[PDB]
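1. Below you'll find the sequence and an experimental structure to go with it.
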Amino acid sequence: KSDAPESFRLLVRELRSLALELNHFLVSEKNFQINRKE
Amino acid sequence: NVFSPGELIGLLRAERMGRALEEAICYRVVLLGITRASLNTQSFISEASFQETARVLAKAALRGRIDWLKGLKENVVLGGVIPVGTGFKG
Amino acid sequence: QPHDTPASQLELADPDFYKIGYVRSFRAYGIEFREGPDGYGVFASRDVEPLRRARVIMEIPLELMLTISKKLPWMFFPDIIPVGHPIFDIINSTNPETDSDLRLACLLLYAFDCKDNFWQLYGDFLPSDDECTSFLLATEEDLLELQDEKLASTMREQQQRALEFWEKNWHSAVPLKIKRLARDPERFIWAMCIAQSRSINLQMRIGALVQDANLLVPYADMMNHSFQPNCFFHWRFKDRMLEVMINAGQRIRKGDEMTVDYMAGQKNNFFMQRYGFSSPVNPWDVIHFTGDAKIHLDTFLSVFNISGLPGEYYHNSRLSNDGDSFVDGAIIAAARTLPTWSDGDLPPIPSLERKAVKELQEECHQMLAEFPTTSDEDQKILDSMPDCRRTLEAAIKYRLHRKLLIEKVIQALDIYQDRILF
Amino acid sequence: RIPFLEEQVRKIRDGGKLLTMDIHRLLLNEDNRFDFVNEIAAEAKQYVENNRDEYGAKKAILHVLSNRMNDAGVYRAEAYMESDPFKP
Amino acid sequence: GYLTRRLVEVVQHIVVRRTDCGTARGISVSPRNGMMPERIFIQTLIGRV
Amino acid sequence: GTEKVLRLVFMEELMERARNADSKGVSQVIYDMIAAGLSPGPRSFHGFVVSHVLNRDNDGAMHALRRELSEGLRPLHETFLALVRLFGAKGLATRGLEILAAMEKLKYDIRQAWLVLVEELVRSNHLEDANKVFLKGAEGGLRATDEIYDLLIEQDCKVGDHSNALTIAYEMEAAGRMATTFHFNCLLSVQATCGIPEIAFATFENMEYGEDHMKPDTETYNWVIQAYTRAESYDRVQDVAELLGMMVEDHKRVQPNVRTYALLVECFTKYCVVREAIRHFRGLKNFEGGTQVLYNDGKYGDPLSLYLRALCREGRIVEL
């Protein structure tokens, strides 16, 4: 129905157009590191 | 320094803090509503941004809330696999 | 010409044995029940190639078997004892830890006196008081003939306890509901013998309750015993049916004897105490040595191709099969019971092991002469009586198996002492 | 033993009602009905990754179910495919 | 329609996750005090642990 | 007849010379016995291999193995076991897999040899290669003993490796043995130093709402309190109170220790809550050496100094 997913990119763009930041920040449970997904 | 005069805390958390802390903590049971209880949740993406969509985002961006995707509609709006049924691992 | 199979020596059982169960929700896939002189047995009628998963051969529903829980609240999941019946006062007035066969015997006696019950029709196939191999239905002569003082004392104590329980519960002032269950004191002894020689302990789950109970399941007690089993019991909670499933990977041909494991990892004495059965190839029977001579363990396992961890010893055939046909459960039990020493990777000295093997052999000879009889005399006595009591047969077979185990240990020590120097 | 019962048996074998029974029979040994689906999907993926065109008769899921039913003592067709010999 | 839309949005995160929370408390259901008729007392207990 | 009679004296002195770690004597005895017409056997070459094994000689052991294999005779299990042990003690992990493959091609069993290899690699201060060998052997269907399962997890959590510990725990639970409190406790130790209290609270929820054998203990509560106290993200002052409310379980033997009181004093002082800090400091004082544990080497803000300054500022000097 829609066609990182396309809906998430659309939402983050629409929200950052109003000075609002979003991040996914998938945390790995093995090595304990934070990976931002864009 | 633990709690503010105006707060909505869980019942079990309040009882355990009363059994733990000796400082005077006074709480009265509040009967929430269908709409009011949904506006106070641990997530702001879906369960909070459905009715107002204006202040639920403002206060969240002001506090810098970190939302853990432990719900259904949160992952629906995100686009990933819903942790229900075949998606629920473990 | 007929195919020579271990199952061909016996004849087909009565079709009513399966007809009384097929009218219920009982099924038997690829199996054929065959009766012989020793008793019934379960054989295979179809070649089962090595499978990736288990295959079910029996489906026994819950409403066809008895069940008593192991914990303090006694819950009988097949509800056959109505509330108010005075048999629950006999079942409840028992120690919840030491005597569990008494409650099963009482439940069986009550099921024998209840209409539309499966055990009123299945009781015709259970062994009588003359074809049972249990030692509760034995005499003082056979118990003294066992040549084992501790086992005889335990069996006499158990018989006394059974008689005392029957005398204390079945007195004169008892109502007729209980008196008609076991009128004679031999009926209760036979019930205890059946409940002790055919009970199965399994953790069963019904609805939302997961408990462990003692259950007498029909059509599954016919499975013989083997220390290298081919099947195991599995509980299916979706339909409340017990399953007997072949192991995954084992190849079963036509005419093979389907067997399961009774009391896996127990001594050959408890087998004779409970089931009245003795096997000479038991890989767990213990031989006690008082001498201080210590043989080497790793060399002893390498010479006999016994590869594996001390918990699981197996003979590796692909190392040597034809060369090592001696390797059975007896040599495994010997390697488990022999006093062994191992200090790192230090190589053994031939003189020390050659001096220890003779000490072990003379100890075996001095412990074998303690018995009043010999091996050949018992071997001639066992077949000198064509049709004797089952208890005497079990006792003479127990003595013969003990002597054969001692002889096998001696021969294995000889092979080790003569093959360590290639 | 009802004499006039072969027609509905042939109808069951032809229309494809055997799979509805096989699924319900296989769901009698598993606790969760989701782990079973995940296991079947993983097995089908592993079987289709080895040979693409040789996934079975027609599909892989039906092939996996037929293999699981044939290892329990129930003869089933290859991927539940039985053509009609009476088609001109 | 609106009532269902609200009721669904009230409870969504409630998903069965554990097998036994470990509680030792239970509600007491009595016919003499709680359920005057028998049908309600039957319907309350069906499917309860 | 006399063949065994002479083989007895051929092997006795050979083993006697191999006992005191002498390789030249075993070599000359082998030469003498092969000059006498009798072909050497595996029992004889076992002594020649163990002579080099006892003298930490790897090249000589490999040469002896090649010598034994050249004559078309498969070596025994004890020789291969000694070779694997020697290669594991020296840290040469890559030279043990080839020996395991040689045992596999000879229709042997490579379970006990693999266990000895991983144990000797762990005991020789070689953890990464030990975990690699263990993961390589576990994928092939080879299960391990409970003692190795515990030792690997304990060592990987003491070093600080969480990935290999979690992988070994998953493999353990897949093999059949479920995790106990000890395992979870090790994993929580490594987790409580990450900086995110949620990864530790998830493990605590898995332990608390689980079976009986995996119920938490004082150490688990201490680790979760440490994870929620030393965070650097948000308030985390109500979570500690809720967890201390959960810690009120008298019948489960959940009693506090010195570290529990120390962590509670630190957390309640760092959040300007002194009337409970003094209450817990009294209990910390009832134990011997509690002030040393409270002053955690001055690594994290010096909680003792912060407590003294909090008592000094508010003027509660009787407590001071």
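-> Received the coordinates, thanks. Numbers count the residues shown, from 1 in each chain, chains lettered A, B, ... in the order given.
2. list the contacts for the residue of the stretch 101-250 of chain C found nearest chain D?
-> Residue nearest to chain D within the stretch 101-250 of chain C (C-beta to the nearest C-beta): residue C:238, separated by 4.5 Å. Heads up, the C-betas are built off the backbone N, CA and C, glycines and all. Taking C-beta atoms under 8 Å, 6 or more residues apart in numbering or on different chains, we find residue C:238 in contact with D:27-29.
3. quick one: is stretch F:8-24 near chain C?
-> Yes: counting by C-beta under 8 Å from any C-beta of the partner chain, chain C is contacted by stretch F:8-24 at F:8, F:11-12, F:15-16, F:18-19.
4. Helices of chain D, start to end?
-> For chain D, helices defined by DSSP state H occupy the ranges D:6-15, D:18-26, D:33-50, D:61-70.
5. ok now do whichever residue of chain D sits closest to chain A, which residues does it touch?
-> Shortest chain D-to-chain A distance, computed as C-beta to the nearest C-beta: residue-wise this is residue D:38, at 20.0 Å. Residue D:38 makes contacts with residue B:86, as judged by C-beta under 8 Å, 6+ apart.
6. how near is it to residue D:72?
-> Separation of residue D:38 from residue D:72 (C-beta to C-beta, to the nearest Å): 20 Å.
7. now the helices for chain E?
-> Under DSSP H, chain E gives helices at E:2-10, E:38-45.
8. Does the residue of the stretch 101-250 of chain C closest to chain D lie in a helix or a strand, and which?
-> Under DSSP states H and E, no helix or strand contains residue C:238.
9. Residue C:122 reaches residue C:220, doesn't it?
-> No: the criterion here is C-beta atoms under 8 Å, and residue C:122 misses it with residue C:220 at 12.0 Å.
10. between those two, who's got more neighbours?
-> Neighbours per residue, other C-beta atoms under 10 Å in any protein chain shown: of residue C:122 and residue C:220, the larger number sits with residue C:220, 20 against 17.
11. Now do the helices in the chain.
-> You didn't say which chain, so I picked chain A. Under DSSP H, chain A gives helices at A:6-16.
12. not what I meant, chain C
-> C:15-22, C:87-92, C:101-111, C:119-122, C:140-145, C:149-169, C:176-179, C:185-197, C:268-274, C:297-303, C:329-337, C:350-368, C:375-384, C:390-419.
13. which helices and strands sit right next to the fifth one?
-> If I follow you right, that is helix C:140-145. helix C:149-169, helix C:390-419 (3 or more C-beta pairs under 8 Å, 6 or more residues apart in numbering or on different chains; DSSP states H and E).
14. So which of those helices is the most surrounded?
-> Of all the helices and strands packed on helix C:140-145, helix C:390-419 carries the top mean neighbour count, a mean of 19, counting by mean count of other C-beta atoms under 10 Å in any protein chain shown.
15. Might you name the residue of chain E sitting closest to chain A?
-> residue E:17 (17.3 Å).
16. re the thing from before, please pick the buried ones from the residues of stretch F:8-24 next to chain C.
-> The neighbour count (16 or more other C-beta atoms under 10 Å in any protein chain shown) marks F:11-12, F:15-16, F:18-19 as buried among the residues of stretch F:8-24 next to chain C.
17. got those residues as CSV, with secondary structure and distance to residue E:22 columns?
-> Formatted as CSV, these follow (DSSP: H, G, I helix; E, B strand; the rest coil; distance: C-beta to C-beta, whole Å):
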residue, secondary structure, distance to residue E:22
F:11, helix, 65
F:12, helix, 67
F:15, helix, 62
F:16, helix, 65
F:18, helix, 61
F:19, helix, 60
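18. And the residues you listed, which is closest to residue C:14?
-> Taking C-beta to C-beta as the measure, residue F:11 is the one of those closest to residue C:14, at 64.4 Å.
19. wait, what's in contact with the closest one?
-> Neighbours of residue F:11 in contact, by C-beta under 8 Å, 6+ apart: C:350, C:421, F:43-44, F:47.
20. Between which two of those residues is the distance greatest?
-> Across those (C-beta to C-beta), the longest gap, 12.4 Å, separates C:421 and F:47.
21. who has more neighbours, the two?
-> Between residue C:421 and residue F:47, counted using other C-beta under 10 Å, residue F:47 has the larger neighbour count: 24 against 20.
22. do you know how far the nearest residue to that one once chain neighbours are set aside is from residue C:321?
-> Leaving aside its sequence neighbours, residue F:47 sits nearest to residue F:18 (C-beta to C-beta, 6 or more residues apart in numbering or on different chains; 3.7 Å). To residue C:321, residue F:18 is 32 Å away according to C-beta to C-beta.
23. Burial check on residue 12, number of neighbours?
-> As the question left the chain open, I've gone with chain A. Around residue A:12 there are 17 other residues, counting by other C-beta under 10 Å.
24. sorry, should have said chain B
-> So residue B:12, with other C-beta under 10 Å, has 11 neighbours.
25. so how far is the helix or strand containing it from its chain's centroid?
-> Assigned by DSSP H and E, residue B:12 belongs to helix B:11-20. Centroid separation between helix B:11-20 and its chain, computed with C-alpha atoms, centre = their mean, to the nearest Å, is 17 Å.
26. what do you get for stretch C:153-167?
-> 22 Å.
27. Stretch C:396-413 too?
-> Centroid separation between stretch C:396-413 and its chain, computed with C-alpha atoms, centre = their mean, is 19 Å.
28. for residue 37, what are its contacts?
-> All of this refers to chain A. Residue A:37 neighbours (C-beta under 8 Å, 6+ apart): A:4, A:24-26.
29. not what I meant, chain D
-> Residue D:37 makes contact with residue B:86, according to C-beta under 8 Å, 6+ apart.
30. And residue F:184, by the same measure?
-> F:203, F:206-207, F:214, F:216, F:220.
31. Closest to chain C out of those residues?
-> residue F:214 (16.9 Å).
32. Wait, that closest one touches residue F:178, no?
-> Yes: between residue F:214 and residue F:178 there is a contact at 7.5 Å, judged by C-beta under 8 Å.
33. if you count what's nearby, which of the two comes out ahead?
-> A count of neighbours by other C-beta under 10 Å puts residue F:214 above the other of residue F:214 and residue F:178, at 18 against 12.
34. how about the closest residue to chain A within chain C, what does it touch?
-> For chain C and chain A, the shortest gap (C-beta to the nearest C-beta) falls at residue C:210, measuring 30.5 Å. The contact partners of residue C:210, by C-beta under 8 Å, 6+ apart, come to C:203-204.
35. Would you mind giving the contacts of residue A:37 as CSV with distance to residue F:100 and neighbour count added?
-> Shown next, in CSV, are these (distance: C-beta to C-beta, whole Å; neighbours: other C-beta atoms under 10 Å in any protein chain shown):
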residue, distance to residue F:100, neighbour count
A:4, 45, 12
A:24, 43, 15
A:25, 43, 10
A:26, 38, 12
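36. Report the two of the residues you listed separated the most.
-> Among those, the pair separated by the greatest distance (C-beta to C-beta) is A:4 and A:25, at 12.6 Å.
37. surely residue D:56 meets residue D:79?
-> Yes: if you go by C-beta under 8 Å, residue D:56 and residue D:79 touch, sitting 4.4 Å apart.
38. how about the residues of chain E near chain F?
-> Counting by C-beta under 8 Å from any C-beta, chain E sits next to chain F at E:18, E:20-22.
39. would you turn those residues into CSV with distance to chain B?
-> CSV is the format used below for the residues of chain E next to chain F (distance: C-beta to the nearest C-beta, whole Å):
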residue, distance to chain B
E:18, 10
E:20, 15
E:21, 12
E:22, 13
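40. Good, wrapping up.
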